[PDB]
């Protein structure tokens, strides 16, 4: 089997991407944030505290003839941005782009933190990291990809995120029309539960490539590119007037600037992030200070190849017995 679904930016900045997902019988379609940095499929629901729902579409398990309470199971998750959610668990039929999993754990939110409530466009998350990170207790649950894998034509999914435009998540096949050149594959460590890999270096604009190993994660659920402070300083030093602002929470730059590109290495190959992809617009409405799309990872503990980086590439998440990642230009 295969599946193919369009993923759409939630706003004009590409702050996140939503992909429609069919849950239950008859289908209830929710727009989920596909997140290769986590491993829970959770949804706003009829059980979510009413004051914490503000415009999201909810899953109502009582209206699904295939929903079954997973007795005794609870979940609770906290994300790197400080947001969180928790609740109980159903199993139900879940379909993405024509690919159907029966018995998928659908984690129903009883509580969500303010940032989720305040984002009316995201009805939940669909985790695509390794199932070892799934938070369901006392019986850990598998991700949608893990459940689908054996049925797929090939045990892979691909992320093709657009810049200020829709893109595609495919399951079970590699669309050879969706990229240019060849796909360069690179090793993955699953030891932290992530799609963790090592970039071979970077360049700023037309500058020379610096060969240096940068361990990080391919994370579709993180907006920006978070890299070591040395690398980030070298980037922003090429933008007149750019500075790190403790009050704003990162590098800002004059909105009048033209940003240089940023290149990262994948083995001997190179992915170029155009300068425009690094512009996240005014820090507040009407400001002439703009927020940068490359930020320091120093306070995180891990480097994160988020959407800013991934949207410059066609990305293969290869879930073979020994997982690997593939990157191609597009």
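Shown for chain A, in order and in Swiss-Prot numbering: 90-419.
Cβ atoms are placed via backbone N, Cα and C, with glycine included.
Quick look at what Swiss-Prot lists:
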{"type": "ACT_SITE", "residues": "124", "note": "active site"}
{"type": "ACT_SITE", "residues": "288", "note": "active site"}
{"type": "DISULFID", "residues": "344-379", "note": "disulfide bond"}
{"type": "DOMAIN", "residues": "106-417", "note": "domain 'Peptidase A1'"}
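For residue 344 (disulfide bond) paired with residue 288 (active site), the C-alpha to C-alpha distance reads 30 Å. When the disulfide-bonded residues 344, 379 are scored by other C-beta atoms within 10 Å, 379 scores highest. A separation of roughly 26 Å, to the nearest angstrom, links the Cα atoms of residue 124 (active site) and residue 379 (disulfide bond). In this structure, residue 124 (active site) is part of a beta strand by DSSP. Counting only the Cα atoms, the space from residue 288 (active site) to residue 379 (disulfide bond) is about 27 angstrom.
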